[PDB]
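Here's the structure, in structure tokens; my notes come after.
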Amino acid sequence: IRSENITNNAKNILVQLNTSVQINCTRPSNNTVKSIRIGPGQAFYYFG
Amino acid sequence: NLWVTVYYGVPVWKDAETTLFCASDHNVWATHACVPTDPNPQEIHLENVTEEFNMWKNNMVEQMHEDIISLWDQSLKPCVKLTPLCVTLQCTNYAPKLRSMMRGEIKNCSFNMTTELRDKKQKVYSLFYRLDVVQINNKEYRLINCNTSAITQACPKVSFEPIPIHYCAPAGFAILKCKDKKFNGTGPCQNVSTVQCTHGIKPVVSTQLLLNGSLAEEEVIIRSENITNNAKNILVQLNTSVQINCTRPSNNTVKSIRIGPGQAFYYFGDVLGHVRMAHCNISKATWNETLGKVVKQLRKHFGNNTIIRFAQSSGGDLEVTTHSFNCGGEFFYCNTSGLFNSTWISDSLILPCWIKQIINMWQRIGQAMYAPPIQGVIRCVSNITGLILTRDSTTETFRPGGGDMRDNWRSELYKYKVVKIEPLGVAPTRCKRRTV
Amino acid sequence: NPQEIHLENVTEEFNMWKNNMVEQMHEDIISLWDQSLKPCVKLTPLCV
Amino acid sequence: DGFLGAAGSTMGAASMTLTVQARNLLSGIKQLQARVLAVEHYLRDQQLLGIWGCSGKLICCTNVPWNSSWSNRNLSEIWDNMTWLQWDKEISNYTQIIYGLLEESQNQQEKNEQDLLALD
Amino acid sequence: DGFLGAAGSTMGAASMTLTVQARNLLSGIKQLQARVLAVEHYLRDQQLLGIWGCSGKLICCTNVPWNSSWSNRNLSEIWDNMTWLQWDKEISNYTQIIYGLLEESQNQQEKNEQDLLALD
Amino acid sequence: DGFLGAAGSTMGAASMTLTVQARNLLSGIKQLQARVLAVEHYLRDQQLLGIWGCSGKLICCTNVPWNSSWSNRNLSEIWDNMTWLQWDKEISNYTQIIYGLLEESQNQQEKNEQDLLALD
Amino acid sequence: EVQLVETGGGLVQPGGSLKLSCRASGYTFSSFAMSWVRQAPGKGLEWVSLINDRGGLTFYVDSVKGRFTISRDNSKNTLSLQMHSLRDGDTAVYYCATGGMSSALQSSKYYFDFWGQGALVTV
Ligand SMILES: *[C@@H]1O[C@H](CO)[C@@H](O[C@@H]2O[C@H](CO)[C@@H](O[C@@H]3O[C@H](CO)[C@@H](O)[C@H](O[C@H]4O[C@H](CO)[C@@H](O)[C@H](O)[C@@H]4O)[C@@H]3O)[C@H](O)[C@H]2NC(C)=O)[C@H](O)[C@H]1NC(C)=O
Ligand SMILES: *[C@@H]1O[C@H](CO)[C@@H](O[C@@H]2O[C@H](CO)[C@@H](O)[C@H](O)[C@H]2NC(C)=O)[C@H](O)[C@H]1NC(C)=O
Ligand SMILES: *[C@@H]1O[C@H](CO)[C@@H](O)[C@H](O)[C@H]1NC(C)=O
Ligand SMILES: *[C@@H]1O[C@H](CO)[C@@H](O)[C@H](O)[C@H]1NC(C)=O
Ligand SMILES: *[C@@H]1O[C@H](CO)[C@@H](O)[C@H](O)[C@H]1NC(C)=O
Ligand SMILES: *[C@@H]1O[C@H](CO)[C@@H](O)[C@H](O)[C@H]1NC(C)=O
Ligand SMILES: *[C@@H]1O[C@H](CO)[C@@H](O)[C@H](O)[C@H]1NC(C)=O
Ligand SMILES: *[C@@H]1O[C@H](CO)[C@@H](O)[C@H](O)[C@H]1NC(C)=O
Ligand SMILES: *[C@@H]1O[C@H](CO)[C@@H](O)[C@H](O)[C@H]1NC(C)=O
Ligand SMILES: *[C@@H]1O[C@H](CO)[C@@H](O)[C@H](O)[C@H]1NC(C)=O
Ligand SMILES: *[C@@H]1O[C@H](CO)[C@@H](O)[C@H](O)[C@H]1NC(C)=O
Ligand SMILES: *[C@@H]1O[C@H](CO)[C@@H](O)[C@H](O)[C@H]1NC(C)=O
Ligand SMILES: *[C@@H]1O[C@H](CO)[C@@H](O)[C@H](O)[C@H]1NC(C)=O
Ligand SMILES: *[C@@H]1O[C@H](CO)[C@@H](O)[C@H](O)[C@H]1NC(C)=O
Ligand SMILES: *[C@@H]1O[C@H](CO)[C@@H](O)[C@H](O)[C@H]1NC(C)=O
Ligand SMILES: *[C@@H]1O[C@H](CO)[C@@H](O)[C@H](O)[C@H]1NC(C)=O
Ligand SMILES: *[C@@H]1O[C@H](CO)[C@@H](O)[C@H](O)[C@H]1NC(C)=O
Ligand SMILES: *[C@@H]1O[C@H](CO)[C@@H](O)[C@H](O)[C@H]1NC(C)=O
Ligand SMILES: *[C@@H]1O[C@H](CO)[C@@H](O)[C@H](O)[C@H]1NC(C)=O
Ligand SMILES: *[C@@H]1O[C@H](CO)[C@@H](O)[C@H](O)[C@H]1NC(C)=O
Ligand SMILES: *[C@@H]1O[C@H](CO)[C@@H](O)[C@H](O)[C@H]1NC(C)=O
Ligand SMILES: *[C@@H]1O[C@H](CO)[C@@H](O)[C@H](O)[C@H]1NC(C)=O
Ligand SMILES: *[C@@H]1O[C@H](CO)[C@@H](O)[C@H](O)[C@H]1NC(C)=O
Ligand SMILES: *[C@@H]1O[C@H](CO)[C@@H](O)[C@H](O)[C@H]1NC(C)=O
Ligand SMILES: *[C@@H]1O[C@H](CO)[C@@H](O)[C@H](O)[C@H]1NC(C)=O
Ligand SMILES: *[C@@H]1O[C@H](CO)[C@@H](O)[C@H](O)[C@H]1NC(C)=O
Ligand SMILES: *[C@@H]1O[C@H](CO)[C@@H](O)[C@H](O)[C@H]1NC(C)=O
Ligand SMILES: *[C@@H]1O[C@H](CO)[C@@H](O)[C@H](O)[C@H]1NC(C)=O
Ligand SMILES: *[C@@H]1O[C@H](CO)[C@@H](O)[C@H](O)[C@H]1NC(C)=O
Ligand SMILES: *[C@@H]1O[C@H](CO)[C@@H](O)[C@H](O)[C@H]1NC(C)=O
């Protein structure tokens, strides 16, 4: 546990773990991507 | 018996790649941050030195290439971006009556464009060449660049005439010049000399036929990275020049409008007199003799019992299929089919040309440039000093090929090599340091 | 506390009309002015 | 002759032009970087000559004996029948060995000089 | 050991590695400025050694006596029981005094050498 | 006095302040270029002193005789009744001649020293 | 092939001077060190002076250090010894010879490779 000042509540405390915790995020949607041109040499990609 | 003795200032060098300096004697090629040249440059002949050269690995070509691209963009950046020009145009043919080869090439287009004030619009009539205008489907058209990128207008005050650029080594480096007559681009040179700077090289931009370059010392020199490999280009340096004369024989008017505060658009106006086709005249006898010399030198690599045939370039973009050059501010695209049409077995030629205003140089995508029209009749007389050939069996077939600009600059830089000086070394000497 | 060292028995010739410091100061002022006012608001839709 | 004029000359003759090449060793961001690197190279060579105990000299004799394995040519053969380019190629593989020995020799010399000076 | 390996060693032992640190002293606009400043620092140190009459030497004896007020430790105590970091802190306040004396000493030496050379 | 304080003093008196000006010789792209050029100038002067056989010295005696055509003033007249600015103007046209002679003198000295060292 | 011929004066009185010059041919003069050796009429040989190949660096035997000057001109292929004072003990046959030194980049000599015929200097 590392801090510039433990007493001073305005400082953040950085806690370095000795073991890792595995975290698994998913975005379980088969999202389609479409695109259009918006000007010469420019195109916009959007969620379909 | 012998002791190690240290020497500093030893005339020894190694191959190196470094940054080079400019030297020179408003032009698009005139760099303000580029030092004046030495009025009396030095050249020191190196006796009994046989340096090995290899023009295909010469880093000076890439450096010159980058310098040309950067200078081009720096020079054309502070001009006018014609974003409100990418509009729908209503176009008809400029001359319905004309039955000449230039029929339908020039179109009379109408569009709204913009005015100084945001709240107003005007009606602009202008002429465009067919090559710059693509049909949408009095018909509706758009400019060819609208499907790729925004186009920047070149400043009318900027000239495109090539200015010779001299390259100079930074301190600690030297440039070695081959000077060996009939040197083919690789291998040892027997007449190597050291120079501080190169001679001036004009940044002439062309394809297939190399204009306003250097001539071979004694005979046509054919240089290639690999003759056997058909994927490599062949650079042929002529020993005599062929004079080529292009004209744009139309007294073209130039008009301009303002398009915003501090911005104006220049466009091709009325054509006075008759509408005529741009073209080059090349003498037939001179070309025939030059081509025969090229054939003889090719036979030296292919055999005395082979057949050498020249043919037209294969289909592709206009920028690579045909000859292309800057003449008086206009960008000409020609044909060359009448130059490379012959089978070789052991008074003037006229080449048609088209002029295009929407320019996409250096094979870049999305870097379109709008070349302003140049008022009046344009004539250019140039020297053809070298050719680019590609090779497609008893009969070998050759085509102009080209299109990669580094091949033109290599054709001038092949004689130079950059080396780094390594002045420190040791040798046996019968000399002991005084002891303590 | 900048230093100034008087030079005794020295008669230097000056010419204010050839003083390169004026051009240097001029360029510095122009460059600073443009750098300072560049990242602001371009009133292109005001020209109506 | 001028700069590198002696490049094709024998090792002996070229030693009389050491000052010419030396003068030509020192003589937009990429160009400034190139000048800075040229300065660093020059200083690295000067520092190396300093470490060996040569400092401001173009010809510097040392106390390191020739190994004879580095090159076994005759003294006259090397100085009269070879150029410096050929010599540099001939002993390229031993350059770092020689440099290491030169550094060690100077270190011992400096200590001996200091101890010689310490005698009252 | 290598670069700074002797940092924790006694002052005596570390004098045998002076060349290692020296070699490591010389070895996008902000990076170019950093290289330029490193070059200027190096040259300032070399100029200072030049002024003192040392030039291309790593160990240089002088004619300036030790004041005894700067440090009153025994010679063996300093060289055998201290590191260079401790020594640098111990005499930090006298660094400029010593440098001034060294400059003056060399100036007198140069004049005396010139006058000695002037004798026919 | 400080930097350039002796500029109006006689040539003799100003020789005692050579270290002061020397210290002040070394002491956004255009500013970086200016610093790089200042470094190159300094190194060119140091290289030139090296070639002449002076190296880290502010006063360096040589073996080149005075021609008497360059200046025919008395020795005391030059050192007691002139400033360095006046002297520099007085012999400006002979500067390169003198420099050339100095280079040649050192080259001969180096060869003679090498041959003297070669004697067993 | 290789030749060295001494030319000089004859009888000199004490307190005078005499210049003796050796002319060389058959070899590159500038490539070799030169020296003078003398033989008194009833004695053996002794070394007198040595000059290197360039001519800028010279050495003498102590007995003549303040009296004799040795010089050479490599364009004239000439070695000259200018002697002063010339005491009775200086009567001898003087010889010029090639060898005695080598300029660091040459193999060692430390011997006198080629001798002339000699000339007799009488005080
Ligand atoms: C190969 O080299 C030849 C030269 O050996 C070169 O031909 C030259 O081209 C330039 C540009 O096309 C010519 O210069 C023009 O000459 C006409 C003469 O009527 C002038 O009117 C032109 O002036 C216009 O441009 C000026 C700006 O520079 C304007 O201020 C002016 O008002 C005009 O708008 C211009 O000076 C030159 O005369 C020819 N030379 C010859 C001998 O014909 C050829 O183009 C080079 N080839 C390549 C591919 O670069
Ligand atoms: C250059 O001119 C040649 C003719 O000399 C063109 O080649 C012909 O093109 C047509 C198509 O338009 C083909 O049907 C012919 O077979 C081609 N050959 C001949 C001999 O006519 C060539 O296409 C022209 N270049 C460009 C870019 O159009
Ligand atoms: C870290 O350790 C030091 C030990 O001297 C201590 O003084 C300091 O307070 C500690 N800090 C924290 C955040 O634990
Ligand atoms: C730490 O924070 C407390 C907050 O009250 C403060 O009193 C103390 O002085 C701080 N210590 C330091 C070392 O800043
Ligand atoms: C998403 O849909 C495509 C449709 O071609 C399919 O090939 C792909 O496997 C689908 N992925 C998932 C995670 O359902
Ligand atoms: C210009 O804008 C007007 C707007 O009313 C339109 O009617 C006209 O057709 C436009 N011109 C062209 C050539 O499209
Ligand atoms: C539009 O650009 C694409 C390349 O992005 C090209 O393939 C297409 O042919 C262009 N359209 C026309 C009409 O040429
Ligand atoms: C080298 O080129 C020069 C011309 O500059 C010529 O006189 C000389 O004969 C050439 N030497 C060789 C070996 O080709
Ligand atoms: C073209 O070649 C001729 C010689 O035939 C020469 O006099 C002329 O200067 C050359 N022109 C250019 C631009 O190189
Ligand atoms: C060019 O080469 C041909 C080869 O036959 C030769 O006859 C002609 O004289 C050469 N021209 C020059 C200028 O060397
Ligand atoms: C160029 O000449 C060299 C001579 O060694 C030869 O090996 C090489 O194949 C030649 N290249 C061409 C393209 O003629
Ligand atoms: C040249 O190209 C041929 C193509 O078949 C290849 O076999 C050969 O190895 C190439 N030579 C070199 C030197 O790359
Ligand atoms: C083009 O027209 C203008 C009209 O003023 C005339 O002065 C000029 O001479 C004409 N040029 C040609 C080549 O007809
Ligand atoms: C284009 O057509 C219109 C039709 O009214 C005509 O007025 C105009 O002059 C034409 N453009 C040119 C350049 O003649
Ligand atoms: C090109 O123009 C020149 C006059 O400048 C003329 O002598 C030459 O014959 C012309 N070339 C052709 C192929 O007509
Ligand atoms: C000219 O071209 C013809 C082919 O049309 C060819 O037979 C003749 O040999 C050529 N002349 C020369 C001198 O090359
Ligand atoms: C063609 O014949 C000539 C003899 O006239 C000969 O020197 C040359 O090498 C031959 N070329 C080939 C490719 O065999
Ligand atoms: C090429 O030559 C043929 C005759 O073999 C001729 O019919 C043709 O018109 C020439 N030109 C082109 C471009 O093919
Ligand atoms: C080149 O080599 C020859 C060999 O005979 C020699 O005579 C000549 O002096 C040398 N020239 C140089 C090294 O400049
Ligand atoms: C020569 O080098 C070898 C290593 O390659 C070494 O063992 C030998 O001792 C060296 N000779 C001398 C005299 O140092
Ligand atoms: C080197 O010297 C030896 C004598 O030690 C001799 O036998 C040999 O031939 C010489 N070699 C050369 C190239 O001079
Ligand atoms: C250096 O070592 C390499 C090892 O492959 C060898 O090929 C080369 O000939 C060596 N060079 C010398 C000068 O010993
Ligand atoms: C560290 O200090 C100990 C003290 O006993 C000493 O023996 C050891 O050699 C030192 N190691 C260093 C300076 O690396
Ligand atoms: C030691 O320093 C003091 C000033 O702190 C000075 O007065 C004294 O003279 C110095 N001792 C010697 C021997 O110079
Ligand atoms: C220093 O030397 C003195 C004798 O002059 C001695 O009394 C003292 O103990 C020594 N101190 C140390 C740390 O060696
Ligand atoms: C340097 O002077 C300061 C004055 O406050 C003092 O605190 C410090 O201990 C001194 N250091 C030494 C090494 O004398
Ligand atoms: C200025 O010149 C006068 C001449 O009388 C001299 O006395 C004085 O010391 C000089 N001052 C300087 C050089 O600072
Ligand atoms: C003095 O200079 C002249 C040339 O201006 C020169 O001829 C003369 O020999 C020089 N005097 C001496 C002693 O070198
Ligand atoms: C210079 O010395 C000469 C004597 O050699 C003397 O006559 C002359 O007056 C002196 N000039 C000066 C300015 O001292
Ligand atoms: C240098 O030479 C120029 C030649 O015009 C002359 O005017 C000037 O006075 C000379 N200066 C000196 C110090 O000789």
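Residues in the structure tokens are numbered from 1 in each chain, the chains being A, B, ... in the order shown, and ligands are numbered from 1 in the order shown.
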
I'd like the neighbourhood of residue 81 of chain D as a PDB file with N, CA, C and O atoms, in the first residue's frame, where a residue qualifies if any of its atoms comes within 10 Å (using only C-alpha atoms), though same-chain residues fewer than 3 positions away should be ignored.
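Dumped to out_28.pdb:
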```
ATOM      1  N   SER D   9      47.318   5.897 -52.441  1.00  0.00           N
ATOM      2  CA  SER D   9      48.754   5.920 -52.238  1.00  0.00           C
ATOM      3  C   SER D   9      49.138   4.883 -51.194  1.00  0.00           C
ATOM      4  O   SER D   9      48.290   4.299 -50.517  1.00  0.00           O
ATOM      5  N   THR D  10      50.436   4.651 -51.064  1.00  0.00           N
ATOM      6  CA  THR D  10      50.879   3.666 -50.100  1.00  0.00           C
ATOM      7  C   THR D  10      50.668   4.221 -48.694  1.00  0.00           C
ATOM      8  O   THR D  10      50.456   5.420 -48.501  1.00  0.00           O
ATOM      9  N   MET D  11      50.693   3.322 -47.708  1.00  0.00           N
ATOM     10  CA  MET D  11      50.472   3.741 -46.326  1.00  0.00           C
ATOM     11  C   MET D  11      51.495   4.780 -45.890  1.00  0.00           C
ATOM     12  O   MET D  11      51.164   5.715 -45.153  1.00  0.00           O
ATOM     13  N   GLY D  12      52.747   4.626 -46.319  1.00  0.00           N
ATOM     14  CA  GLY D  12      53.763   5.592 -45.938  1.00  0.00           C
ATOM     15  C   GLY D  12      53.489   6.987 -46.463  1.00  0.00           C
ATOM     16  O   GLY D  12      53.463   7.951 -45.697  1.00  0.00           O
ATOM     17  N   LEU D  75      57.405  -5.185 -42.257  1.00  0.00           N
ATOM     18  CA  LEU D  75      57.164  -3.767 -42.019  1.00  0.00           C
ATOM     19  C   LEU D  75      57.233  -2.977 -43.321  1.00  0.00           C
ATOM     20  O   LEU D  75      56.355  -2.145 -43.608  1.00  0.00           O
ATOM     21  N   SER D  76      58.223  -3.282 -44.162  1.00  0.00           N
ATOM     22  CA  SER D  76      58.321  -2.565 -45.422  1.00  0.00           C
ATOM     23  C   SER D  76      57.207  -2.979 -46.363  1.00  0.00           C
ATOM     24  O   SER D  76      56.736  -2.157 -47.148  1.00  0.00           O
ATOM     25  N   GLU D  77      56.753  -4.229 -46.284  1.00  0.00           N
ATOM     26  CA  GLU D  77      55.667  -4.659 -47.156  1.00  0.00           C
ATOM     27  C   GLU D  77      54.405  -3.865 -46.851  1.00  0.00           C
ATOM     28  O   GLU D  77      53.749  -3.348 -47.762  1.00  0.00           O
ATOM     29  N   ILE D  78      54.097  -3.698 -45.561  1.00  0.00           N
ATOM     30  CA  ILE D  78      52.889  -2.985 -45.165  1.00  0.00           C
ATOM     31  C   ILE D  78      52.986  -1.522 -45.559  1.00  0.00           C
ATOM     32  O   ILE D  78      52.058  -0.963 -46.153  1.00  0.00           O
TER      33      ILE D  78
END
```

Once you count only C-alpha atoms and all ligand atoms, which residues end up within 9 Å of ligand 12, and could you hand them over as JSON, numbers by chain? {"B": [225, 226, 227, 228, 229, 230, 231, 232]}

Give me, as an mmCIF file with N, CA and C atoms, in the first residue's frame, the contact residues of chain F against chain E at a cut-off of 8 Å, counting only C-alpha atoms.
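Written file, part-v5.cif:
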```
data_model
loop_
_atom_site.group_PDB
_atom_site.id
_atom_site.type_symbol
_atom_site.label_atom_id
_atom_site.label_comp_id
_atom_site.auth_asym_id
_atom_site.auth_seq_id
_atom_site.Cartn_x
_atom_site.Cartn_y
_atom_site.Cartn_z
ATOM 1 N N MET F 16 46.783 38.244 -19.306
ATOM 2 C CA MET F 16 46.513 37.652 -18.006
ATOM 3 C C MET F 16 45.028 37.364 -17.812
ATOM 4 N N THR F 19 41.842 33.300 -19.681
ATOM 5 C CA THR F 19 40.888 32.301 -19.227
ATOM 6 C C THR F 19 39.477 32.847 -19.115
ATOM 7 N N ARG F 23 36.280 31.040 -20.908
ATOM 8 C CA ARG F 23 35.136 30.454 -20.220
ATOM 9 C C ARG F 23 33.831 30.911 -20.844
ATOM 10 N N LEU F 26 31.974 29.068 -24.476
ATOM 11 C CA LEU F 26 31.099 27.908 -24.496
ATOM 12 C C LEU F 26 29.829 28.112 -23.684
ATOM 13 N N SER F 27 29.956 28.765 -22.523
ATOM 14 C CA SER F 27 28.895 29.078 -21.542
ATOM 15 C C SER F 27 27.470 28.601 -21.825
ATOM 16 N N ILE F 29 13.476 26.241 -33.460
ATOM 17 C CA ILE F 29 14.480 25.536 -34.248
ATOM 18 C C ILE F 29 15.688 26.423 -34.535
ATOM 19 N N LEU F 32 18.094 26.361 -31.610
ATOM 20 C CA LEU F 32 18.847 25.124 -31.528
ATOM 21 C C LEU F 32 19.939 25.125 -32.586
ATOM 22 N N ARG F 35 22.810 27.138 -31.273
ATOM 23 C CA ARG F 35 23.645 26.425 -30.310
ATOM 24 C C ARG F 35 24.543 25.415 -31.015
ATOM 25 N N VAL F 36 24.013 24.738 -32.036
ATOM 26 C CA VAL F 36 24.815 23.756 -32.760
ATOM 27 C C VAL F 36 25.966 24.452 -33.475
ATOM 28 N N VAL F 39 28.710 25.327 -31.115
ATOM 29 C CA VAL F 39 29.515 24.153 -30.794
ATOM 30 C C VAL F 39 30.482 23.844 -31.930
ATOM 31 N N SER F 55 47.234 22.027 -28.428
ATOM 32 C CA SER F 55 46.229 21.289 -27.654
ATOM 33 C C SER F 55 45.719 22.150 -26.498
ATOM 34 N N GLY F 56 45.664 21.633 -25.271
ATOM 35 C CA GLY F 56 45.108 22.352 -24.143
ATOM 36 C C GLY F 56 45.973 23.426 -23.524
ATOM 37 N N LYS F 57 46.347 24.434 -24.310
ATOM 38 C CA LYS F 57 47.157 25.541 -23.829
ATOM 39 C C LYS F 57 46.543 26.844 -24.312
ATOM 40 N N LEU F 58 46.653 27.880 -23.480
ATOM 41 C CA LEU F 58 46.209 29.212 -23.868
ATOM 42 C C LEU F 58 47.342 30.045 -24.436
ATOM 43 N N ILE F 59 48.577 29.767 -24.030
ATOM 44 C CA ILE F 59 49.768 30.426 -24.552
ATOM 45 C C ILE F 59 50.615 29.293 -25.103
ATOM 46 N N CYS F 61 54.025 28.555 -27.577
ATOM 47 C CA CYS F 61 55.169 29.010 -28.349
ATOM 48 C C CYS F 61 55.389 28.016 -29.482
#
```

To check your reading of the model: which residues sit at most 8 Å from ligand 3 when counting only C-alpha atoms and all ligand atoms? Write the answer as a VMD selection string. chain A and resid 1 to 6

Select, from E:109, E:17, E:96, E:74, the residue with the minimum atom-to-atom distance to ligand 25, counting only C-alpha atoms and all ligand atoms.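 Checking each candidate against ligand 25, we get E:74 as the closest.
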
Please, which residues of chain F, numbered as in this document, come out helix (DSSP H, G or I) from DSSP, as a PyMOL selection string? chain F and resi 11-26+29-51+75-81+84-90+92-117
